Protein chains: 2
Amino acid sequence: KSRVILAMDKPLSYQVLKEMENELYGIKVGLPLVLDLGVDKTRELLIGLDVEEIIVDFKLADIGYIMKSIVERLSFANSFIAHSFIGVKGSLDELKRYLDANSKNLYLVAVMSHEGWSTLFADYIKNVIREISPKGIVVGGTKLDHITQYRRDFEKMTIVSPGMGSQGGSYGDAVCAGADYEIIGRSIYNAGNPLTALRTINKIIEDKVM
Amino acid sequence: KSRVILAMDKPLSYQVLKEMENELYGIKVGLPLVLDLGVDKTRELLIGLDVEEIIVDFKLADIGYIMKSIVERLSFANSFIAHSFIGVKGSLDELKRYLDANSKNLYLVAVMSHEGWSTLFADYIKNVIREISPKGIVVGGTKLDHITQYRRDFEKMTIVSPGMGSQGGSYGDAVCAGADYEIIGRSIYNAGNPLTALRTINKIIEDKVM
């Protein structure tokens, strides 16, 4: 089975997604897509797809009232990504209660892949993650050391890792470091043949994993 | 002149906004609105309005490529709010270059109003703000001490302060502490008569300011 989550930050056709459906673990929908296609067209695009997870990633980072106002308009999603750094009281606690009541999963951003991401607040972020107890956490694919350490610190958590391909991540390295799934965007959706690239990347990963 | 920025996180009619136009400094457009009305309807709503600033607040917090992909679909806006905590290299630096080239202002989130917002990284966030040199910064209206201190640390910056009304901020207290404008949402858009409430709040503020 595939370990890839498609970061659909540019539109792909419905027919393409239907082939990918059984060769992806999930699809991660971002603001760039929702602003390109619009909300209605975005929902239509995702309807028939049989993937384990439809994740909405608007990198949620506001007070609870606002984060809840956002996600209630995105009920087609199974899961949602929010930032850990915003903290618990009056922000993530309120969102967690909401998602729990509405049968949605929460993934929290722990480490990002760009150089500008500060390492300085790992302890704070880990504490936030411990209090909230999300389904999963996002640990950057350029940040292999942190993936292994987060895997150590959170053995039962789903770990998802973006930054594979364009941002530097060599396919399968994040999974080998301890991630469950790799989030891949441009490497697929900007390829000549997105399905072919997904199949090639899947092959690379299942070789590395083994 | 008004010191109020309307946080339009729920739809208000075009006619209402036209009266407010000369009694607001700006209007802050969020994800809740864009997801409620949709993108096209949101743009239409904002077209004729004569306010100093149309600010889009999606609390931007991603890598540069993604933040740029978001804001280029929101060109109706004069200004954009992003989080400081995401850092500079490969995130805010790339967004700043983009906004500069496209004649847009950047406001960075420095302190939020909820209890869960950590105070621990004030130095890091201030450093990020110093490197980027945004038009403005967002300093929570419940966090009066921080407003005065940020005003001290950044004398020339525009300081905008949400959290007035529902979240606790007593109208005008943020301006008196050193903020330029107060961001107000529910107090206005959930009032029986939103125009009447804006006028009353404006009166309260111009009394306090004096």
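Every chain is numbered from 1, with letters handed out A, B, ... down the list of sequences. The basis for the numbers below is simple: all heavy atoms, side chains too, and nothing from hydrogens, waters or symmetry mates.
In this structure, no portion of A:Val71 lies under 4.5 Å from any heavy atom of chain B. When heavy atoms are compared at a cutoff of 4.5 Å, B:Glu72 does not approach chain A at all. Looking at B:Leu74, only its side chain comes within 4.5 Å of chain A, counting heavy atoms on both sides.
Taken from CG in A:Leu195 to NZ in A:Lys18, the straight-line distance is 13.5 Å, to the nearest 0.5 Å.
With no hydrogens or angles considered, no side-chain donor-acceptor pair links A:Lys104 and A:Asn78 at under 3.5 Å. Using modelled atom types and a 3.5 Å distance limit, the side chains of A:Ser79 and A:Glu53 yield a donor-acceptor pair. With hydrogens and angles left out, the side-chain atoms of B:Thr158 and B:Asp180 include no donor and acceptor closer than 3.5 Å. Donor-acceptor pairing under 3.5 Å is recorded for the side chains of B:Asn127 and B:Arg130. Residues B:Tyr171 and B:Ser187 have side chains that bring a donor and an acceptor to within less than 3.5 angstrom of each other.
For chain A, the option among B:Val39, B:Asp36, B:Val88 with the highest count of heavy-atom pairs below 4.5 Å is B:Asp36.
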Task: Test salt bridge (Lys or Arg N to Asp or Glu O under 4.0 Å) applied to B:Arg97 and B:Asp93, step by step - done: CA-CA 6 Å; B:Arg97 311 277 72 73; B:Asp93 59 4; over 6 Å; no
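Interface with chain A: from residues 24-33 of chain B, residues B:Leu31, B:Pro32 qualify, criterion being any non-hydrogen pair under 4.5 Å. Scanning residues 106-122 of chain B against chain A with a 4.5 Å non-hydrogen threshold yields B:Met112, B:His114, B:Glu115, B:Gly116, B:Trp117, B:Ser118, B:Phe121, sorted by number.
What you find for A:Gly38 and A:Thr42 is that their closest heavy atoms are O-OG1, 2.7 Å.
Both tests hold for A:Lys126 against A:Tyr150: distance to the six-membered ring centre under 6.0 Å, angle to the ring axis within 45°. Taking the ring axis of A:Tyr65 as reference, the NZ or CZ atom of B:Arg186 stays within 45° of it and closer than 6.0 Å to the ring centre.
One N or O on the side chain of A:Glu182 and one on the backbone of A:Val175 form a donor-acceptor pair closer than 3.5 Å.
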